[PDB]
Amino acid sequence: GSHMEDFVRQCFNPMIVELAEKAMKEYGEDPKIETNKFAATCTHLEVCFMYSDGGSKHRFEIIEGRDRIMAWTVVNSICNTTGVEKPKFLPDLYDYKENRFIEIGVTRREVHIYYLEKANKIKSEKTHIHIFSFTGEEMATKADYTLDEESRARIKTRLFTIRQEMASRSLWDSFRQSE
């Protein structure tokens, strides 16, 4: 019973919490011990959901928040339909408007450091990368931030609200020095 766990359950939406619990357990991990990663998984989930909520109704296909098999199954259907190459690592969304997959990232370092980390992991110059930070910064591939400034601003605001709430409970320091 950690403070972080009870904060995550109060700060985040119940479906998002349930989805982060499944996702960690599927990879042999307990939201009750690795609670800093519990909070991070919820954060990454919410950001992905607000992101798809930006733009038009049929614009995005949500890959994050499914189980491994069904997620991949949809990645196929997208590839064997649009001709886009099959990514080596599971992405977060697919853009039907731009015809490309999106890897969303949420970092407690510089967006510089962390995009470099992921851009080297995925290597493929097809999958679009978009980064958010808890300080309000953002960095996307080819400076193509995909969404409206207003939609990205809402995400940035929510990320800073989570930081303040974590800090007022003294959990922020441990959360930052954990990534």
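A residue's number is simply how far along the shown sequence it sits, counting from 1. Heads up, when I say rigid core I mean the largest set of C-alphas that superpose within 1.5 Å between the two forms.
**Student:** Between 118 to 126 and 37 to 45, pick out the one whose C-alpha positions differ more from the shown form in 6 other deposited structures of this protein, using the rigid core for superposition.
**Tutor:** With the rigid core fitted, 118 to 126 is the stretch that strays more in 6 other deposited structures of this protein.
**Student:** State which stretch shows the higher mean Cα B factor in the entry: 144 to 152 or 115 to 123.
**Tutor:** The stretch with the larger average C-alpha B-factor is 115 to 123.
**Student:** Comparing 55 to 63 with 40 to 48, where is the mean C-alpha B-factor higher?
**Tutor:** That would be 55 to 63.
**Student:** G83's Cα B-factor: lowest, middle or highest third of the chain?
**Tutor:** According to the entry, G83 has a C-alpha B-factor in the chain's highest third.
**Student:** Grab the CA temperature factor for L171 from the record and place it in the lowest, middle or highest third of its chain.
**Tutor:** Answer is highest: the recorded C-alpha B-factor places it there.
**Student:** Among the modelled residues of its chain, does the C-alpha B-factor of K25 lie in the lowest, middle or highest third?
**Tutor:** Ranked within chain, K25 CA B lands in the highest tercile.
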